[PDB]
Structure formats: C-alpha cells, structure tokens
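The lines below spell out each chain.
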Amino acid sequence: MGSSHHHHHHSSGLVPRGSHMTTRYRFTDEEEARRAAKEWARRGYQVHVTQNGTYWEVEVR
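Here is what the cut-offs are and how they apply
- Residues numbered from 1 in each chain as written, not as in the entry; some residues may be left out.
- Heavy atoms only, no water.
- Helix = DSSP H or I, 4+ residues; strand = E, 2+ residues; numbered from the N terminus.
- Pairing = 2+ DSSP bridges.
- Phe/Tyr/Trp six-rings, centres within 6.5 Å; stacked < 30°, edge-to-face > 60°.
- Axes fitted to C-alpha atoms, helices over the stretch in contact; angles between N-to-C directions.
- Contact = heavy atoms within 4.5 Å.
- Expected span 1.5 Å × (residues − 1).
- Buried < 20%, exposed > 50% of the residue type's maximum accessible area, 1.4 Å probe, protein only.
- Arc of directions from axis to C-beta.
- Polar contact = N/O pair within 3.5 Å; in protein donor to acceptor, adjacent residues only side chain to side chain.

Determination of this PDB entry was carried out by solution NMR, according to the record.

So this is what it looks like as structure tokens:
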C-alpha cells in the first residue's frame, strides 16, 4: 500500500521547421520546359533552359 497523492506536471512549448533550397525543375517535353521558363520569368526569376539530353531542364536562379 502507498498513495501517490501529489503528482507533478510540466508544460513543453516549441516550434520545429523544415526547409531546403536548390529547386531542380526538369521536363522531358519541350513546351513544358518553355512554359516553366516563361512562368518563372513572369515571377521575375532569372532562368536558363538547359538541354542536357532527352530531358530539357530549367535552371531557377
């Protein structure tokens, strides 16, 4: 026999966060690569369409 008649409590309060740069957009279709380049251009970002191979990428700077 034994009564825990004074239990204790605390109060934890924090905010976590997740973030990362380097947003690599790559397209297989030429028109989707040109649309992305034009969409980011309208957004005011400096872009470069890199035809690396069979897939045409869009550098977002």
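Here the narrative resumes, following the displayed structure.
Visitor: Looking at this structure, I do not really get unusual backbone geometry. What am I missing?
Guide: Generally, phi is negative for residues other than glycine and the peptide bonds are trans, each holding for most cases. For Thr22, which is not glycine, the phi torsion reads 60 degrees and is therefore positive. One can find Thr22 in the segment before strand 1 (25-27).

Visitor: Even after reading the chapter, I still don't get the pairing of strand 2 (residues 47-51), so can you show me in this structure?
Guide: Working note: regular strand, side chains alternate between the two faces of the sheet. Here strand 2 pairs with strand 3 (residues 56-60) via five bridges, running antiparallel. Bridged to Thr50 within strand 3 is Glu57. Between strand 2 and strand 3, which follow one another and run antiparallel, lie four residues.

Visitor: What exactly am I supposed to notice about the pairing of strand 3 here?
Guide: The pairing of strand 1 with strand 3 spans three bridges and is classified as antiparallel. When the bridges of strand 3 are listed, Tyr25 appears paired with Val58.

Visitor: Would you take a moment to explain the packing of aromatic side chains for this structure?
Guide: The description of an aromatic ring pair rests on the distance of the ring centres and on the angle between the ring planes. Under the counting rule described, the total for this entry stands at two aromatic pairs. Each ring, one from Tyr25 and one from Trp40, has its centre 5.5 Å from the other, and the planes form 50 degrees; the classification is tilted. A residue pair is termed long-range when its members are at least 10 positions apart, and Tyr25 in strand 1 and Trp40 in helix 1 (residues 30-43) qualify at 15 residues. Ring plane angle 70 degrees and centroid distance 4.9 Å describe the contact between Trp40 and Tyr45, whose orientation is recorded as edge-to-face. One aromatic cluster is present, formed by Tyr25, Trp40 and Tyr45 through successive ring pairs.

Visitor: So what exactly am I meant to see when it comes to the sheet that holds strand 3 here?
Guide: Strand pairing in a sheet takes place through backbone hydrogen bonds and is either antiparallel or parallel in direction. One open sheet accounts for three strands, arranged 1-3-2; its pairing is antiparallel. The sheet terminates laterally at strand 1 and strand 2, the two strands that pair on one side only. Going across the sheet, the axis of each strand differs from the next one's by a mean of 25 degrees, ignoring polarity. Seen against the sheet, helix 1 touches strand 1, strand 2 and strand 3 and runs at an angle of roughly 10 degrees to strand 3.

Visitor: I tried to follow helix 1 on my own but got confused; where do I start?
Guide: Since the α-helix packs 3.6 residues into each turn, any two residues three or four apart lie on the same face. Taking 1.5 Å per residue as the helical rise, helix 1 with its 14 residues ought to reach 20 Å, and the 20 Å between its terminal C-alpha atoms agrees with that figure. Here helix 1 has its buried residues at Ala33, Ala36 and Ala37. Seen along its axis, helix 1 keeps its buried residues to an arc of 95 degrees; they face one direction. Pointing more than 90 degrees away from the buried face of helix 1 are the exposed residues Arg35, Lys38 and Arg42. As for helix 1, its buried residues are in contact with strand 1, strand 2 and strand 3. Here helix 1 starts with a cap whose side-chain oxygen sits 3.0 Å from the backbone nitrogen of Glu31, and that cap is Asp29. Looking one or two residues past helix 1, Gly44 carries a phi angle of roughly 95 degrees, positive in sign.

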